[PDB]
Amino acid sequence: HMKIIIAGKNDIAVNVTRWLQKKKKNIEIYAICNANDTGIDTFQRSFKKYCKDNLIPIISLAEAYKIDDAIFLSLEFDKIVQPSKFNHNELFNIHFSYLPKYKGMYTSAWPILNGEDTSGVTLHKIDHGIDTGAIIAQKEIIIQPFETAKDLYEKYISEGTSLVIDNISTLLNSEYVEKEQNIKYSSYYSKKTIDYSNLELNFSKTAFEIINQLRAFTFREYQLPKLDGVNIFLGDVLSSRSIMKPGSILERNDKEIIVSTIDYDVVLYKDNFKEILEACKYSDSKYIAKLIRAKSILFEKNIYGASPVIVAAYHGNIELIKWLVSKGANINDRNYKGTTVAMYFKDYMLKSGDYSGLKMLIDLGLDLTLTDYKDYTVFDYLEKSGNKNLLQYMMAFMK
């Protein structure tokens, strides 16, 4: 007889709700969605789309205020909840910082920008204020020095998901503890603190700070940082210290732009992801290696979720797959419909008739049991297309 209202967006809303349906089938779910959920799966899943496809009713916040016997759980939700319009106090939020620091907006950027080594996710009570209610559970997150705003956000989504799952029973059974947030070190950033319509690198800063600007503004689906309108994908601190005014362009080549700072010169790497992606169809690793300035560009994706590893698999480019995996690519990487590397590779196998590299991919960790967001395995697609012969081949190599 319990009820829960899940209000928000992206993979956190989707995977928390999924868990509920799998492990809490018993509980009635109502969903609230954000204003800019279009019902189309982008780099994050559409929660609106998920709810419609699963017959989970979508309600408004107005209506949510009047359900007395429900828990309310907000996950990247875009609406100011007014707690007094509820007739209960079981209102919970996952905020993407280690509160009491970084209340408010852009928590994937500000910690990077300010030079933080760590951040966190915090489950808390909702009160009238913004990210101010009492803390229930938290988890510290390491921000690696290579990681971008995008990587950080994806960690938020992932850890935020687990924290909810590790606590949701206590929320449902009213078995949780709370602690008021401290005054000291409390910080907050409004939407006005960064103007993503007019984003600008500031070279009157240290190299350290400037590399953190790049990192903090590297979130491809929104933007990359620019210099003279040229997109940049990361950069490094050089050993030289130019006499010239900070902001002064020291060199341009095909791959990079070097710039004067307050202290050390920085090299900014021109974004060539699109060129790299094209090249991953047929080129060997030797050729890709020379294209690469920052190693992490190998794990970037275009607006459909296609990565270098995914493109490599689609064209059977097995020596490149191996290399990409050795550099840290995910052998089970997915695009934004959940289509896996193994599914792309199956297309290559059908087209070429060369099945011989499957065994080696399986040894790299390739997982044939995974399902896309229609809940199909590669096996279901083969059976549907009537390729029984390739189906049994693939079956025999899985583990």
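Sequential numbering from 1, following the sequence displayed.
For the pair 369-377 and 56-64, the mean Cα B-factor is higher in 369-377. In this crystal structure, the stretch out of 168-176 and 203-211 whose C-alpha atoms carry the higher mean B factor is 168-176. As recorded in the entry, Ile249 carries the highest CA temperature factor of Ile136, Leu298, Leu113, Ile249. The entry lists C-alpha B-factors for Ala329, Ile94, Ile310, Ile80, and the highest of these is at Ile80.
Per-chain ranking of the deposited C-alpha B factor places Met244 in the highest third. In the PDB entry, a CA B factor belonging to the middle third of its chain's modelled residues is recorded for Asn387. Placement of the Cα temperature factor of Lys290 within the chain: highest third of the modelled residues, per the deposited record. When the CA B factors of the chain's modelled residues are split into thirds, the value for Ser108 lands in the lowest one.
For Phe47, the recorded CA temperature factor ranks within the lowest third of the chain's modelled residues.
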